[PDB]
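Chains as they are written, first to last, in the authors' numbering: chain UL, 5 to 27, 37 to 161, 187 to 248, 260 to 308, 352 to 402, 413 to 537, 556 to 724, 777 to 947, 953 to 962; chain CL, 541 to 576; chain UM, 822 to 894. Heads up, the thing below is written out as structure tokens.
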Amino acid sequence: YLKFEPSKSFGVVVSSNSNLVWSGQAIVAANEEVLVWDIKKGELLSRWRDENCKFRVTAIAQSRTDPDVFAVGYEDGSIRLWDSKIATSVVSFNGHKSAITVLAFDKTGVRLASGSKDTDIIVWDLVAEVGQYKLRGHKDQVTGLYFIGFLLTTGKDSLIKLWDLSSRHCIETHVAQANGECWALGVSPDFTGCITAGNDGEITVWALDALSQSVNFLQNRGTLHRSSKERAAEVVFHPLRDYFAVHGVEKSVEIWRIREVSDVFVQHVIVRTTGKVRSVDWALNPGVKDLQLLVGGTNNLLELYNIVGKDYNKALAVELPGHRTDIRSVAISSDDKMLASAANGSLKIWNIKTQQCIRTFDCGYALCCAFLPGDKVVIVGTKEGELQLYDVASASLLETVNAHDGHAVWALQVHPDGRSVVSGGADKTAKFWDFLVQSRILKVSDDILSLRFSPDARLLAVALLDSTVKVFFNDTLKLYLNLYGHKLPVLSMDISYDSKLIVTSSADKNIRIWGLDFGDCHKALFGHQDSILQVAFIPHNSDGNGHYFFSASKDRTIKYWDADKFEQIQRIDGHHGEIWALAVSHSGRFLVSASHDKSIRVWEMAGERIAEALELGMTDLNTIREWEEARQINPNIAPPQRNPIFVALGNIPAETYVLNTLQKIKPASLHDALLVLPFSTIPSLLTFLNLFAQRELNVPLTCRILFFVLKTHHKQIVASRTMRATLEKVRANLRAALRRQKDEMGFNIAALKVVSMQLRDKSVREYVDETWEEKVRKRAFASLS
Amino acid sequence: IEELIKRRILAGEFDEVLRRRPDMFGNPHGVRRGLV
Amino acid sequence: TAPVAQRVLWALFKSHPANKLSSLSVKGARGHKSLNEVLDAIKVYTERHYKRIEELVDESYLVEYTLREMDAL
RNA sequence: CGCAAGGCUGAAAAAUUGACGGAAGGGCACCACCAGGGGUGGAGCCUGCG
RNA sequence: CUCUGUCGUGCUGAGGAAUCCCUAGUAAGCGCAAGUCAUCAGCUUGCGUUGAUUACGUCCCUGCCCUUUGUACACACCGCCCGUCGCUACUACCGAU
């Protein structure tokens, strides 16, 4: 019941997630690890990988005034502050909901702002490890951050927003594109010019300047249009000289210079790149006179260009440690020291112990690859219908054979003895070439997708487009039997070492285990949320585990099953793209898996409440009158220093506080708790009632609770003495407020009577005749009984 | 019996006598007795 | 929000003459939002508030009674 | 009498109305509080149940 | 049961932890009758007699239910409860074919 574990992972330089940084090193993002390369030699310096995290990384930021501490932002919504000296995550910030997308740093590096795709922009302190606060505008996701203090930002709703930080709310807004999207942000390092790239190939240019009145800080000083009318991915300025770079996710990067706006910004150079660039970045080399433009391109490459100012030249490149489009097939050699990896555009063969490429080739497309026994030559069946034969030792092309005309070779299998190969192509046939010369062909009804032999070479099994499997004998090609029971075409098959079991994977998200004698489905089993792509056993039963098999499935999962118990013994996570291929070890002790990530891996009380509120309010009032005494005697610094609950609620006065705590309860509860109140706190209550009637608000609540208190304590009040002064005050204030409110509402009702009479006067009648019969509201009021 | 309970609860058909309105005779549509 | 609605209405009435408020004519005057009905609604609700505040003063004379009692002692 | 009565097969959803909660406020209860009472449970007899 | 006398505590000992029930002709004591198509004689169901203590409040604990939508109009009051997702329309984005 041994499990498996991720041990090696390679074959990938910068992915399609953004935001490369330069340090003379290039710091780029793999799937989940942040890896650091040299560009001069292609050997990588290091990798940064946190074991607690499995989610992909998508934003990188270098701290200004201090390198060797770096911010990465993942997909889950987490920020990790790493060090470059020691490769550990010194701290983690888990505040966002999803998909960090833009990072930015302070001038002093104490403050770090993160904009996400959950639209919250969060600032972070770096000396207290707490989330400071949480800004909120932006109808849709944010795409650009910068620190001016002040904050500048921009989001997908074509909104550019200038936030304060002293008072956490927005100061100024503008909208850049009318019906479009503000997509990228660029700030000049002197904070004077800011350009925003919008979807139509537009770049809007804005001038900056370094509250109750009309505030205006950003000015839309104009618009320009670049050449490519694509989604402009990023805009990066030069740290020192007067240049910037605009690029969309495309094969062109436009560097412009800074001297109307059509005059002040001109096109310096348009650099053409080999593939679609994902993220450009800037690099200045100590002792160069040029511009190191460091592009990271989605087709798995790093390039480093020189740009001359007052043409381009591909100076440096990092492409060798990874395939360049997408790995489609793997096959490891018989000694399990090297593997061959087949991708659209190239072949690369690698040493496992060094996890490092040793040889390469150019092939057009690459469906299937398989090495021949004695691990000297490797076969590739490719979509144009061809089989090419290369080798490791001479590193050249040996042979080409046109098996099928315009039909992709979907299946390639070497005979277990090792004297022939079988090619199942997208035509209606499958061919048998021994060595290479055509021994025999096989005409089958539909397209053939995948086929494999028996490990004791007794019977062959093909898997068609009819959602069927046909198993034939090996000596003569008579139809031994067939398997049905799949609704979608079978995408893969593999049969056990002793030819006692067939596992068969369809596109119906499920697999079958067949008994291979009489063809009885030992078990149908549904195990994956998407189409299960490839399935393979482990050959060696010398450990006693020959009936175990892995299944690679398009929902990013490996699943490790045992057929005899019919049970899933492991689930293997660790890929974030629809995995394309896998292969097992001939020792069975490890396996390899090649994904759409372009990576491969090798796996080894109400009354008491208002009483306390009264007490708090009275203590606050004592502090306020003492502070008033202090500021009256001298204007020196003496803080009021009120209660933390007041300063947490937001410095509202205690009168507002006690008004909330008297309003919150229902009126029946108000009656009951005001009865519950003891006579000791009645003077506090009378003070607050006086202050309510003085600063008139909720005068019916004021009156009703004053009356309740007086009537349920009338004898104690007339016997006491201290209540005389407070009751004089509350009588004067209540009478003043009621007289004011009564006078205003009487004025309102008198004026309304007058204006209604005048309206009747204006609307009486105009003509006069024998018919005054033309000269009210009615309501229905249905009653059931 | 447990299976019959599960069948009834899933495809819910309870034999409960349902509360009929008291004045279905004189008031068949059951209009509201207020503002109309 | 009755007191805040009445005061700005009280400020609205002490700044504009009755003939102007009567000959107020705006094109959005049809059905329930006509000037007659709007003024009638304000008048009726203000009458209800005024009756309530009259009852409040009538009950608030109790404090003057209590002060006269403590005067008697 | 005829139809029903020919096996891509081999045991373990709907949703613009849906899923689960939280806080406050009520009402009820000798399966709750409160005041007391009384059983059983100690010894022997036995119906019954396991 | 009441009243009247003879004699005087003498293997001639009223039930632990726990758990359950009970609020007015109720608990409890007492006997008499019957044996009713199922059950019940190791008992069952009737019927009469004697008949109290203590609550009869409270949602504090333990729970259960219901409000936050509806179902009615005057006076009168109240005043936009809260979270995590699903589903739907639209918008743009990512990458394989």
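The beta-carbon is built from N, C-alpha and C at its ideal position, and this holds for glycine as well.
Please name the residue in UL/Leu469, UL/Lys194, UL/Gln38 whose C-alpha comes closest to that of UL/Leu396.
UL/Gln38
If I'm right that UL/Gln359 touches UL/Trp374 with Cβ under 8 Å, what's the distance once you round it to whole angstroms?
The Cβ separation is near 18 Å, so there is no contact.
Just tell me which of UL/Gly187, UL/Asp628, UL/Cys465, UL/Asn832 has its CA closest to the CA of UL/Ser498.
UL/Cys465
Verify the contact flag: UL/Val871, CB atom, against every heavy atom of the ligand MN, threshold strictly below 7 Å.
For the structure depicted, the ligand MN is absent and the ligand set is empty, with no information on it obtainable.
Go ahead and label UL/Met929 buried or exposed: buried means 16 or more other beta carbons lie within 10 angstroms of its beta carbon, across all protein chains shown.
exposed
Looking at the unbroken alpha helix (DSSP H) that takes in UL/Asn665, where does it start and where does it end?
Careful: UL/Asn665 lies outside any alpha helix (DSSP H) and carries neither H nor E.
Ignoring anything shorter than 3 residues, give me the beta strand (DSSP E) runs that lie fully in the segment 71-159 of chain UL, in order along the chain.
82-87, 91-96, 102-107, 113-118, 124-129, 134-138, 144-148
Ordered along the chain, which non-local residues of its own chain (more than five positions away) have a Cβ less than 8 Å from that of UL/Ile689?
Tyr5, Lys7, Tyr668, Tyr680, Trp681, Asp682
Option nearest UL/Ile699 by Cα separation, candidates UL/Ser671, UL/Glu724, UL/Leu500
UL/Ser671
UL/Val264, enclosing beta strand (DSSP E) - first and last residue:
From DSSP, UL/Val264 is part of no beta strand (DSSP E); its letter is neither H nor E.
Looking at the secondary structure, which residues open and close the alpha helix (DSSP H) in which UL/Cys875 lies?
871-884
Nearest neighbour of UL/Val369, chosen from UL/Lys381, UL/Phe534, UL/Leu385 [CA to CA]
UL/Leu385
Contact criterion: CB-CB distance below 8 Å. Does UL/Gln888 meet it with respect to chain UM?
no
Quick test of your reading: UL/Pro575 and UL/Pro475, contact by CB under 8 Å. State the CB separation rounded to the nearest angstrom.
The pair is not a contact, with the Cβ atoms about 14 Å apart (cut-off 8 Å).
Output the boundary residues of the beta strand (DSSP E) element that contains UL/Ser525.
522-527
Per DSSP, what kind of secondary structure is UL/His642 in: helix, strand or coil?
strand
Can you check whether the C-beta of UM/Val847 is within less than 8 Å of a C-beta belonging to chain UL?
no
Less than 8 Å between the beta carbons of UL/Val213 and UL/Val353, yes or no?
no
Can you tell me which residues form a DSSP beta bridge with UL/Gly388?
UL/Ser371, UL/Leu394
Counting C-beta neighbours from all protein chains within 10 Å, is the total for UL/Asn21 16 or more, i.e. buried, or is it exposed?
buried
Integer Cβ distance of UL/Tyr604 from UL/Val591, believed to fall under 8 Å
Actually they are not in contact, since the Cβ atoms of UL/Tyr604 and UL/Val591 sit about 12 Å apart, beyond 8 Å.
Between UL/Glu303 and UL/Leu246, what straight-line distance do the alpha-carbon atoms span, to the nearest angstrom?
24 Å
By the criterion of Cβ-Cβ separation under 9 Å, what are the contact partners of UL/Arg956 in chain CL?
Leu575, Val576
Rounded Cβ spacing between UL/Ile429 and UL/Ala714 (contact assumed at less than 8 Å)
4 Å
So the candidates are UL/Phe473, UL/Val104, UL/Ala468, UL/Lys478; which of them puts its Cα closest to the Cα of UL/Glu486?
UL/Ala468
Does any C-beta atom of chain UL lie closer than 8 Å to the C-beta of residue 812 of chain UM?
Here chain UM has residues from 822 to 894 only, and residue 812 of chain UM is not among them.
Taking 8 Å as the threshold, find out whether the segment 886-902 of chain UL comes into contact with the segment 865-877 of chain UM through three or more Cβ pairs.
no
Start-end ranges of the alpha helix (DSSP H) lying completely within the segment 661-712 of chain UL, minimum 4 residues:
none
UL/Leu931: contacting residues in chain UM (beta-carbon distance under 8 Å)
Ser843, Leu856, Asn857, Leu860
How about UL/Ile561 and UL/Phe573: do their beta carbons lie closer than 8 Å?
no
Evaluate UL/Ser276 with the Cβ neighbour count: other Cβ atoms within 10 Å of its Cβ, from every protein chain shown; 16 or more gives buried, anything less gives exposed.
exposed
Give me the Cβ distance between UL/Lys620 and UL/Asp650, rounded to the nearest whole Å; I'm assuming they're in contact under 8 Å.
29 Å between Cβ atoms; not a contact.
UL/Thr462 (DSSP reduced to helix, strand or coil):
strand
Would you call the segment 197-216 of chain UL in contact with the segment 146-160 of chain UL, where contact means no fewer than 3 C-beta pairs closer than 8 Å?
yes
Are the beta-carbon atoms of UL/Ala583 and UL/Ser570 separated by less than 8 Å?
yes
At least 3 beta-carbon pairs within less than 8 Å: the segment 914-924 of chain UL vs the segment 866-878 of chain UL
no
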